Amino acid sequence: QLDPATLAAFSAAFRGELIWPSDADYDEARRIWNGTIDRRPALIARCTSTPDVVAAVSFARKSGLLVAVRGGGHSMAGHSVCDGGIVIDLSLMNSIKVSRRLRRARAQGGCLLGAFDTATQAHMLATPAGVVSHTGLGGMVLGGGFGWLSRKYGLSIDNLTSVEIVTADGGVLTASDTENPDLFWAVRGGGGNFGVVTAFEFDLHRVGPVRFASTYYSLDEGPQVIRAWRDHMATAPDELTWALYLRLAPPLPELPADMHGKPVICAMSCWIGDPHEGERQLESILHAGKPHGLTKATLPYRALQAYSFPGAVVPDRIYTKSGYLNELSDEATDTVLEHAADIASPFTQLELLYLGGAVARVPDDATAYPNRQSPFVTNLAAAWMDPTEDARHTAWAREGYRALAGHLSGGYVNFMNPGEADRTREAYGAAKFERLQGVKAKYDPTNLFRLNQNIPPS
């Protein structure tokens, strides 16, 4: 229940659409990618411009409404919808302006990654981002953003040159390396904690065809494959990216039918560079076990981005446990394989990513992103359909994480689950957390923006 004159001012300033609990499209509009999050906002505000976002931020502040901000809706913690507050929904703000000559993209805060990649790839350009096309640019970038171009070109934030952001007081600011640089440091890794980013500006790279391979190894050869991977990646050129996704084999025709539904290692790899050299490089890492269901192709970068994940199934419910590693020992490898063998849903993956490369050459305190120096990421990404099965899949992720606890440190804020609100200090570390609290105290002293991996002020 809201103050009528304040609501009137808000509606008058707001050119976008307002979705109320009684409108037919409220239920669909309040659903986010993590279907285990069922929440009922008081109001959904579909913003169409920066002044729309200003109006919405101001209205939430005057009304005392809990603020959720939504880009693409992919929050693994469920942060983009609230019970009883306002959803500042940016999904209609999807435009990208690309300069081919200047190698620049200016993208609104509601963009979906596939819209961005399409727009830059019209000119054979790109900048690093995540591997699934319908992820939102917004939350991803603000937490760091990594994927197929990161070992070559860094995190998304390593290519961000400025933002336009609406702060909790209703003001609009530009943050860059030369203008409000403390805020610029903080948004590069600090999440939505300091305001609503309504435009991101990135430097772009020329990225022609990329030689790519995806294949599946039997878990019988699991030890030799994973050891080959971790050995190789410690000295591999930045141009090679090679990731392992332990999962049940999808029922696709390139795979023998007797392997369908059984745990396997799906290995995906690419070479950012000359495709003839890439072919040589990928053949050099494809044979540590027998590759089943091998697909090799020379792909436009936009098609590489659109390819993940084999099977093309969107799961309804998810639960993720994740952390970094500094090393992947033989015993950690057996633990990984032991829990991979117990995967139950065909949409679960136990992901082993190797970052390093350009990501680790950025000095640690240049941004708010922690753990550049830990090259391994393990993500126990449980995903399933049946709501009566939540406990069994959640358990797989939780137990696997616990079993590897001796090897795991830190944690990517963008892979954190709904129950992980207190992993924040550990993820960032004490020095970064303290600096972030100081920027929080300057720019969001009332913690208006607290549906995120939250950094309280002071």
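Don't overthink the numbering: it's just position in the shown sequence, from 1.
Asks: Between 358 to 366 and 292 to 300, which has the higher average C-alpha B-factor in the PDB entry?
Replies: On average, C-alpha B-factors are higher across 358 to 366.
Asks: Of 94 to 102 and 113 to 121, which one has the bigger average CA B-factor?
Replies: Higher mean C-alpha B-factor: 94 to 102.
Asks: Looking at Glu221, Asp158, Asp316, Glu254, which has the highest Cα B-factor in the entry?
Replies: Largest recorded C-alpha B-factor: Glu221.
Asks: Checking the record values for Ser150, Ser75, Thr388, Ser214, which has the greatest CA B factor?
Replies: Answer, based on the entry's C-alpha B-factors: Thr388.
Asks: Could you tell me which third, lowest, middle or highest, the C-alpha B-factor of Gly170 occupies within its chain?
Replies: For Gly170, whose C-alpha B-factor we compare with every modelled residue in the chain, the answer is the highest third.
Asks: Lowest, middle or highest third: where is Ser345 by C-alpha B factor in its chain?
Replies: Within its chain, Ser345 is a middle-third residue by C-alpha B-factor, going by the deposited values.
Asks: Within this chain, which third does the Cα B-factor at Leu137 fall in: lowest, middle or highest?
Replies: Answer is lowest: the recorded C-alpha B-factor places it there.
Asks: Compared with the other modelled residues in the chain, in which third is the CA B-factor of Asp231?
Replies: Tercile = highest for this residue's CA B-factor.
Asks: Looking at the entry's B-factor column for C-alpha atoms only, identify whether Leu282 ranks in the lowest, middle or highest third of its chain.
Replies: Highest third - that is where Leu282 ends up once the chain's C-alpha B-factors are sorted.
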